[PDB]
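Just one chain is shown here, as structure tokens, and it is the form deposited without the named molecule.
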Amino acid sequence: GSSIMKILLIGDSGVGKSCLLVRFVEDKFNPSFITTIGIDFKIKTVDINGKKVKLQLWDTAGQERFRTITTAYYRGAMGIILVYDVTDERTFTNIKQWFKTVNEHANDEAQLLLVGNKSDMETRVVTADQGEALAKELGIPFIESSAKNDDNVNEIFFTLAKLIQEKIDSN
């Protein structure tokens, strides 16, 4: 019932883009269509620094079909999270690409964010420094976490929130 903020998750499959949301939002009743529709939308009122802001987040299976629409999500994103798994290397690679894909449609006044996930298992074929490299090459912040500790998960989002909120105060 206040200030809105559109957020979306970009990345490949396996990355755990889903689980991160399930975990980010505390709801057992809310259903999951991402298995069937290939899309799933979720609101979550969050705050920091006395700000009643509601987060809207899209999670897509990318899959062809409604791509015509999932595409309309970049056009609206107020912030977007580029995500990758650190136990898979081919996961890391594509990030420059998705990033390109984001500059195309994402009204680049969008708050991007590198996100190294699944740092649970320690098949960690990538390191924190590696990711902070691309992030610095891209000119966007970075973080990590693992929905197996509920650690940094909330940070992941609270971060984007401020970055977005402030980029709104310079105005």
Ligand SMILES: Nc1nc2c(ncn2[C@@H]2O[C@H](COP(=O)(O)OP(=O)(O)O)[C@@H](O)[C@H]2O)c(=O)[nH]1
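Don't overthink the numbering: it's just position in the shown sequence, from 1. The term rigid core refers to the most C-alpha atoms you can superpose between the two forms while keeping them within 1.5 Å. Shifts are known only where both forms have a C-alpha.
This protein has a second form, the form solved in complex with the named molecule, left out of what is shown; the following refers to that one.
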query	finding
Listed residue that, although the named molecule is not shown, lies within 4.5 Å of it in the deposited complex (heavy atoms), from 47, 108, 64, 27	64
Heavy atom of residue 121 within 4.5 Å of the named molecule in the deposited complex	yes
Partner contact for residue 152 in the deposited complex: the named molecule, 4.5 angstroms, heavy atom	no
Exercise: residue 147 in contact with the named molecule in the deposited complex, heavy atom 4.5 Å	yes
Partner contact for residue 130 in the deposited complex: the named molecule, 4.5 angstroms, heavy atom	no
Contact segment among 100 to 108, 29 to 37, 50 to 58, 136 to 144, judged by heavy atoms lying within 4.5 Å of the named molecule in the deposited complex	29 to 37
Residues of stretch 4 to 31 in contact with the named molecule in the deposited complex (4.5 Å, non-hydrogen atom)	12, 13, 14, 15, 16, 17, 18, 19, 29, 30, 31
Residue shift check between this form and the one not shown, rigid core fit, residue 141 Cα at least 2 Å	no
Rigid core fit then residue 56 CA moved by 2 Å or more between this form and the one not shown	no
Threshold 2 Å Cα movement between this form and the one not shown at residue 70, rigid core reference	yes
Closer or farther: C-alpha pair residue 80/residue 34 in the deposited complex, relative to this form, given a change of 3 Å or more	farther
In the deposited complex, shift in Cα separation for residue 65 relative to residue 94, 3 Å or more	closer
Where the chain shifts between this form and the one not shown once the rigid core is fitted, runs of at least 3 with Cα moving 2 Å or more	26 to 39, 61 to 73
